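# just need the structure, nothing else, for what follows:
(9 chains, ligands or ions: 4)
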Amino acid sequence: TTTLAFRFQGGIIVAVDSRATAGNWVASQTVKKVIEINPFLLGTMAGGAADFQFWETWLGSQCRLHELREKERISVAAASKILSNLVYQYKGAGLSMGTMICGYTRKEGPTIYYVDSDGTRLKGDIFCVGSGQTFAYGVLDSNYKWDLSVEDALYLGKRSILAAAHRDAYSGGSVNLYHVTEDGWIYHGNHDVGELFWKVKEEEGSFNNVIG
Amino acid sequence: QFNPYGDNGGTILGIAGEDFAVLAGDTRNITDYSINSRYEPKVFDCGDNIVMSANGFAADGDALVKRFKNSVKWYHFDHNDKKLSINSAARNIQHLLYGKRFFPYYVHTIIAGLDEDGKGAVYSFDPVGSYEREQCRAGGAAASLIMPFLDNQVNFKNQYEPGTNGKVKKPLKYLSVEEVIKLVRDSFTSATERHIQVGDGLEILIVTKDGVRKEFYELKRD
Amino acid sequence: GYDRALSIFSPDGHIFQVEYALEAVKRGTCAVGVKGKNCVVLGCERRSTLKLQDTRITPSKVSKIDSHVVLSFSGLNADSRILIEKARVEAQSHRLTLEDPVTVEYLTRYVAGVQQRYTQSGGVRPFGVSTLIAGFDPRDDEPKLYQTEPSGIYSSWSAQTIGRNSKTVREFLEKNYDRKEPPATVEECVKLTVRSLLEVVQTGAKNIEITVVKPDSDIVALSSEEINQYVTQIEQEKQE
Amino acid sequence: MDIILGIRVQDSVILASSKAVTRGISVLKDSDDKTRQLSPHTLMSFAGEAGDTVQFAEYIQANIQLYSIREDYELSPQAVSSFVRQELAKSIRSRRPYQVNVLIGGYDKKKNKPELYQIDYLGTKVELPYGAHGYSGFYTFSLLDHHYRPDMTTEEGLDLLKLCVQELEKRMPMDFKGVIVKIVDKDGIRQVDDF
Amino acid sequence: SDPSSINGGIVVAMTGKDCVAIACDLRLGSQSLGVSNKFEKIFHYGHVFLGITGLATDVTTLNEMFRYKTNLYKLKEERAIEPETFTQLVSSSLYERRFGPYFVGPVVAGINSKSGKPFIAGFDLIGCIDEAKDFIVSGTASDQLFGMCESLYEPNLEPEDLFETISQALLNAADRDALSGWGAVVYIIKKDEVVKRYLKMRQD
Amino acid sequence: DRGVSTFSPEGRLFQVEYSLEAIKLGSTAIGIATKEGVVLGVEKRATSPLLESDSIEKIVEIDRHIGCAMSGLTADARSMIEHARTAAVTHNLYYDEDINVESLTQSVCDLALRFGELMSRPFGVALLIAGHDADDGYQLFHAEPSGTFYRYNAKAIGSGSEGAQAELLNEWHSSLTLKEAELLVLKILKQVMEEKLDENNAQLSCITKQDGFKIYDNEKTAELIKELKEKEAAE
Amino acid sequence: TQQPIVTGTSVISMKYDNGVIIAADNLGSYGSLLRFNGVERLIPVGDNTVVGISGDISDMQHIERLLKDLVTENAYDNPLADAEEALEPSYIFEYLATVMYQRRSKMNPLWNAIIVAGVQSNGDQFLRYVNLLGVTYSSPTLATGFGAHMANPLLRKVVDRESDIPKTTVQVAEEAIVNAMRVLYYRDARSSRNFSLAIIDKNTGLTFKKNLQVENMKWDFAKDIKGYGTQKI
Amino acid sequence: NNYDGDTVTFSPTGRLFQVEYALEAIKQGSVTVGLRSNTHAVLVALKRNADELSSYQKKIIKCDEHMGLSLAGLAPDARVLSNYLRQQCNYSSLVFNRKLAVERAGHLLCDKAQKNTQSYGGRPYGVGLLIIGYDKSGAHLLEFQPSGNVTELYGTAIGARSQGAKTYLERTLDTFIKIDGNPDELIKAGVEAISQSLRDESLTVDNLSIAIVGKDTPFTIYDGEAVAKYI
Amino acid sequence: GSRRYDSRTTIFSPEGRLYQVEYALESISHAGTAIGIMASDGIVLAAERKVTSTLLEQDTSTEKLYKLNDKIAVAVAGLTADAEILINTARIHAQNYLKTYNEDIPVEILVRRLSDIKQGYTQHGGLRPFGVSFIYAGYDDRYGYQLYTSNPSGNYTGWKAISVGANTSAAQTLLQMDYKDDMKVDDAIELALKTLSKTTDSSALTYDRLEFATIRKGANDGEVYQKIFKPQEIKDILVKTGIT
Ligand SMILES: *[B]([O])([O])[C]([C][C]([C])[C])[N]C(=O)[C]([C]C1=[C][C]=[C][C]=[C]1)[N]C(=O)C1=[C]N=[C][C]=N1
Ligand SMILES: [Mg+2]
Ligand SMILES: [Mg+2]
Ligand SMILES: [Mg+2]
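Residues are numbered from 1 along each chain as shown, chains lettered A, B, ... in the order given. Ligands and ions are numbered 1, 2, ... in the order given. Structure as follows:
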């Protein structure tokens, strides 16, 4: 798995891969690793999990209940902490998940929270989680700036997943992009890696190692 | 030490058509190197035009199906005989499975039916409740033999159009119920040849707007 | 456990135990709340039947629930401590999970909910307490003032009074408080609060307590001399 | 392997704490503040097992803040440290203990004295002139043994602290991405933004 | 791993003529690392003295617990607890945690206020009472202390002679133990005066 | 004294019948169901002019497709709303769909008779539960503390209920528009209210399939009050 | 979790045209020790069902009491207890199957493999298997333990599929069972010569045969077998 | 009088007044009729409305594919009892793969209602039920009273003015019992029976509620234009 | 059932009073008078034993003045048995606080805890309240010398001088008259005894009918000493002040 999320001028980019494996067996190439929690909050998945389907769908119910009770959109900090406090109760019980709770509110601005099955909860600008995280970090760190256009930022996220999808055996399938403003998240296409690779290779002049 | 789990073998397959859906599964039940039954039904009609199969450990599989059938019944009581939609059934099953997260139903669950727009729908689950709608899914022992074939022959993966040489893909033309059954039968005939836990018989349940229909085919008994 | 249904309906559709809890509030010392343009003031009566008291250590009528919210009350003193403690815990619990202090509305809603629960729980009687909860929401300069009562109903008030002779001071506030133009400054708001208490209190010596709450956790309690200056100024203008 | 350090000087307590957060193979963050303000004149730094650390620190924080509101009074550093120790001493015999080591640096406004307390996850409290948790002490204590005086100024304490961090940066295998330094004195708690 | 030797430390107690002496080192460590040279292991409740070796968190916890219990004892009984009675209280308290014990080696010492009789006692971690006439030893250098005490001790020593004996018993035992030392304290206890002496010893 | 769950010689539960008397004392609430939507309206009834009337929350959102108005001991409604909101969201979690308005109402009404010697007494509040679902369309339910719920085309509860219900008897027809219904609620509220009806002491709300449940602004309601006055003066 | 102590070996069974046959030897083994030679492991319930049990004997005796108690309970307030509302094989099986699965789910299994053979109200043959894991399956032939490996192959030569059931008479079916029991005696080291056999026929009802013995055994050829290869004498 | 304060108290003549007051709640409730033949069993219920704007309170509840009841009295109590029946019918299926006998279903209701009449604090159920079903011993009709008394009958009626329908059935006993293999004629007899309990009001399309179960007929409810055939 | 015999101890009167609290206070009004007087340099606790006998062993007797810890003491007015239940609870709370924070419990915190316990019996549980009123005399380093009182309602208040039990109206008037803020312990001792001497229902005030105690900083350097007066010491202070 490779999932990333980074803050920038235009809000937040979220990019994930699509592969799920059971050992060396490729189970699915079509996995949605972004739970659309509500219209304003996004959550990612990684780690031999899908525990996070249940719990981030559950989180969406808690966030809905919050804004019914408080007549106000839940903060990214409050939403992330409901999840982190929940998984902390279950600490010790099972396997290894990792997530990024992403959102944009008035009081906070664009915010990303790395929540973890060990109970860790970190606010930050850039995060990469999954077996292919190191590959994604490489592309992201060298090309990241705050002053990135929405177009360029989307591409960087797409390219960072592609980099990991290529090298990491347990990442691949396709890239799901999301862009987050406070008006809501915006979906930006499902991009097959099989087609995206040859497209990027040719246009960018990258991947000269590979023959095409 | 007592081991509460077991492998009853078998293999299942769900394919979603344009206005139909099929859920197939072999009728062989096994432990280790012995055959328990040559005909032990594995795919069940659960009502509301939904078919289900929980392949793997038969005791957990039979328990889960039983509990879902029960869930359908109580859905009718509690909500004025409302028809349980396939998407709602899928989410309900997630909660049944995850309800035993720390002592799982050791099964690979697949349900098939029609969505609320009338189009074919197949949902696939893991043992701990994660699910996803899919056009094509094989589950169980011989899933590794069947899925690559389905990627090739249903979704036309790695296939391109002659003359263009890799430039233009093969178009994703829809498959008829007769065409799907041919792929199902060939999948199980091939799986039977190379997997010892697959054989005896193949039972297919076809779901259309008209209802649920059954088809049975012999498989090699060795 | 003791399960007896103490709060129950009567033929005429009344829960007498809730209504008798209001009678306990009627007996309690007067408490008043007035919100200005950029502040809220909480006035409280101290009955002068009790002298030889130690005012340093005697429980003050106004209680801080958090650094930005305060709670005064009329009714049974012992009962108020139970509501205050619960409210203070919930305030810290809210900060811990939501990572943001309670709104004055939320804190009020919680306290009111506790009070309500005691009107239909077995083996318990209702709280003989009405509260005035005041403060400023986090990162907000709009003043907030809420009232609660034993039944569990709550609501917001431009100005409000509870306790003994609250009918009289509510009469005063209703004619003297203008919504279109509330007390612009701290002085004007405190003055109006003291004036309203002087309709009931008796002597303006140690019988009036005033607590001024301002935005951004700026809460201060006025001393005897500071209050006595308001009392002097009010009566000197009155002699005309 | 997080490094958290503490030094009590004449009129203040200084707590240094690493900025790195490592989740296995990658450094996920290089600007993490491993501390919580328990009260205006009491600061607790912490290091231990992921999740447990913050969960514990915030739980303690909430309790001290609850006490402060109830009594309208700030607890002494000694009192807070004793409370914290009891929580960890209670924790160690629980089903799942808090795996958290802490330093509590506070300025006692009554006695007008800085106070540094070192408490490990077992609930082992010690009042010290300078303290550390984990492998941090192994490098730093030899420097602190040599250079430390009880009458040092805050600026002298920071210089001695720099010498400790430099030695850690030289000889420790893990890159801890520098430290966030905080000073606790009569005027409260402030952060040294340049270090 | 072994809780009783993580922090390290020692306590020794002796009887003399109309007096008792109890002594301890000052080290607290995290295995090899020395953490504190001011960790005193001898506490007192009225005229009853209690030394505690072993896991430091439990040393602290038990001191706080026996302070708690002896204070309530005093309020109700309207008198200070005696060494014989306290010994029983320690044993009771320890045994109630039979299958989840405090990892400690307590040592009671003191003089009975009424009879004037010198008293010492030692315990294992689960409450067994060792009420010796001559001496009690506890901690990571207990073997060493046993060797010193068994050779150096003689009965009916005067307070100022007893001090020299117990001091040398502790010091030389602590120097043959890696996890003990870093200073030492000796309490000389008489019926109505108690002298506390800090010893100068090697700091390694 | 006497049991809480005691039957009268007539065959009624004393405590349930006494709670109905408490609801008669409560402020008026009116609900009207149409094919274009359901309208909910309430009398706020502030006990003093110093009470900020906008804080009086007698109309409440349960979900996006279900709204609720109350009358009687409104403090008792809070736990009923919390349960209703939880029930609505919980069902969405289990079944990935909106919950039927009847099923929601049934879930609320199950609480009603959970009293004995569970809570110590019945609820002292009646609820008008209005909503929409795909199966039965726009619906209005009247939930009582007896555990009984009736569906209605139009319903009035509170102090001016029998007078308003008689007015709803004549005025309601199956071809009412949403705008007509809004005015009809305002008309009947103005008729039964002690004080003069305006945008501050009365509140409107509706539930439509498109926009979901909405509480009306005081500026929006003020225009509907002004529109009402003119159309009554028109003949 | 436990281990089985006193154990019962194979239970074999098959369907035939008018009903079902089930058989099991009368041995209660204590490891390699053939401890108890008079143990009945076929337990009839009513006049239309026979439950055959293998595995732990103490757990068998528990199951035996549950079935005995089931009949008692069914008779309570049931005027049709010996008629329309009498216990069916399907009812008795599903009950056991519920218990077996519940017990495995509490990690405290009844250490058994059970075969419920019987005939339903409508004359249909009932034959279904359940074990310590709660695993259930039905087949024209069912067998437990060694029976699975040796009996089934022989019984499947008679009834290989569903369509062979009406073609199989009670005489042919019983013969196959009795032969299978002999084969198990040759080859199962924890079996006995003595066994019980039960026939549940839709016409002639329940026939329960006790004290049967394996006969017509072939051993004579043993005399000719000498040494393990090269030895002649 | 002095002995009606709670359910735990006998009167001097050996009466349980709280039970009798609960019995009174049934008589206030709307009329409902039950009757059966050898093949089918039918419930006919007169639904009651609050006013013209209101709906008509549902009277019939389904318990299983082969069993269900009609209520008269406190509807929530019927919901509690019907829910219990649903679970018992369901327990029988899941555990024993067996459809619950109608007679045994009555025995379970009897015992559940009884516990409420002998214990302090609680109260009797304030509803009467007519349970119909088709099991292995053919068609059945039961009458449940909240005293605990359950009675198997050919036909009966409960609720207000139910005596008229009950007399009619007592005359028609020999006729309607013979209506085998004809659901419509059996319903006709039930509709004609409930008509004997009507005054002023008559059977309209949204007023009438009919249910039926039989040999090859699952328990199914008919409301609205589905019962216009029988008016 | 059992409802028939339930007194319903935790309910409001129509006037909004707690019946049982009011009646418990009526019980306390018949109890021996206890007085507390706080001075700048210490606190006095004086209390009258109720109609004693010559055969009562006074030197080993304790019905009025109890010690909660080294810094805090209480005077009792009401049922002695009820008071001892609360006293033991209070003693434990002080020790719990000490164990937790390693500091002696602040006086107000201890008072609030006991007062909260009394409050609990007036609101829930269906039990009768404790027929006890306390005078808390104590010291801590925050507020210094403090006097409090609690009653069965669970309400507590701070005082400079206060009486509980019998003739509190008469007693409170006399204290209000002669009390001044700059007063000292020796003067407060005299005031306490003079007040009891005038309000007593006995013919004459004697040593055998009194319990007496002082909390003084009159201890060697910065620390506090509790002095529970012995019978002979009460006799001496009665002669010194000129009452006998
Ligand atoms: B990713 O590789 O971490 C991925 C994320 C998951 C949410 C789909 N995990 C998996 O694919 C895991 C295996 C795994 C591989 C590498 C690292 C960690 C875990 N597989 C599954 O979660 C899985 C497998 N089969 C069916 C369902 N789920
Ligand atoms: Mg790859
Ligand atoms: Mg083979
Ligand atoms: Mg330590």
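# name the next helix or strand downstream of the lengthiest strand in chain D, please.
As assigned by DSSP state E, the longest strand anywhere in chain D is strand D:100-108. Per DSSP states H and E, the first helix or strand lying C-terminal to strand D:100-108 is strand D:113-119.
# in terms of secondary structure, what does that following strand contact?
strand D:4-8, strand D:12-18, helix D:77-91, strand D:100-108, strand D:125-128, strand D:130-133 (3 or more CB pairs under 8 Å, 6 or more residues apart in numbering or on different chains; DSSP states H and E). From N, CA and C alone the C-beta is placed, and that goes for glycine too.
# let's go with 6 Å and repeat that
Packing contacts for strand D:113-119, counted by 3 or more CB pairs under 6 Å, 6 or more residues apart in numbering or on different chains; DSSP states H and E, involve strand D:4-8, strand D:12-18, helix D:77-91, strand D:100-108, strand D:125-128.
# quick one: which of these is nearest residue H:172?
helix D:77-91 (78.5 Å; CB to CB).
# and chain I, is that closest one touching that?
Yes - contact of helix D:77-91 with chain I (CB under 6 Å from any CB of the partner chain) involves D:79, D:82-83, D:86.
# just the C-alpha atoms of stretch B:76-89, please, in CSV.
C-alpha atoms of stretch B:76-89 as CSV (Å, rounded to 0.1, in the frame of the first residue of the first chain):
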residue,chain,number,x,y,z
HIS,B,76,-39.1,-7.2,7.1
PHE,B,77,-40.6,-7.2,10.5
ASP,B,78,-38.9,-4.1,11.8
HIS,B,79,-39.3,-2.0,8.5
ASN,B,80,-42.8,-2.8,7.1
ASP,B,81,-41.8,-5.7,4.7
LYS,B,82,-39.3,-3.4,2.9
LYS,B,83,-37.1,-5.1,0.3
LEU,B,84,-33.5,-5.3,1.5
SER,B,85,-31.4,-3.8,-1.2
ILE,B,86,-28.1,-5.5,-2.1
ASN,B,87,-26.1,-2.6,-0.9
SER,B,88,-27.9,-2.6,2.4
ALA,B,89,-27.5,-6.4,2.7
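# just how off-centre is that stretch within its chain?
Offset of stretch B:76-89 from its chain centre (CA atoms, centre = their mean, to the nearest Å): 21 Å.
# quick one: contacts of it?
Stretch B:76-89 is contacted by residues B:48, B:50, B:72, B:75, B:113, B:115-116, B:121, F:95-97, F:100, F:103 when judged by CB atoms under 6 Å, 6 or more residues apart in numbering or on different chains.
# picking up where we left off before, so what strands line up beside the longest strand of chain D?
Partners of strand D:100-108 in the sheet, by DSSP bridges, are strand D:42-48 (antiparallel), strand D:113-119 (antiparallel).
# switch the ones you listed over to TSV; also include mean neighbour count.
Converted to TSV, the strands paired with strand D:100-108 look like this (neighbours: other CB atoms under 10 Å in any protein chain shown):
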stretch	mean neighbour count
strand D:42-48	25
strand D:113-119	23
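# returning to that earlier point: next, format the helices and strands packed on strand D:113-119 as CSV and append distance to residue C:5 and mean neighbour count.
Output for those, formatted as CSV (distance: least, CB to CB, whole Å; neighbours: other CB atoms under 10 Å in any protein chain shown):
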stretch, distance to residue C:5, mean neighbour count
strand D:4-8, 56, 26
strand D:12-18, 56, 26
helix D:77-91, 39, 22
strand D:100-108, 47, 27
strand D:125-128, 51, 20
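# pipe the ones you listed into CSV and attach distance to ligand 1 per row.
Output for the helices and strands packed on strand D:113-119, formatted as CSV (distance: least, CB to the nearest ligand atom, whole Å):
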stretch, distance to ligand 1
strand D:4-8, 32
strand D:12-18, 28
helix D:77-91, 31
strand D:100-108, 28
strand D:125-128, 41
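# nearest to residue D:188, of these?
That would be strand D:100-108 among these, by CB to CB, at 8.1 Å.
# next, the angle strand D:4-8 makes with the closest one.
20 degrees (axes from the mean of the first three to the mean of the last three CA atoms, to 10 degrees).
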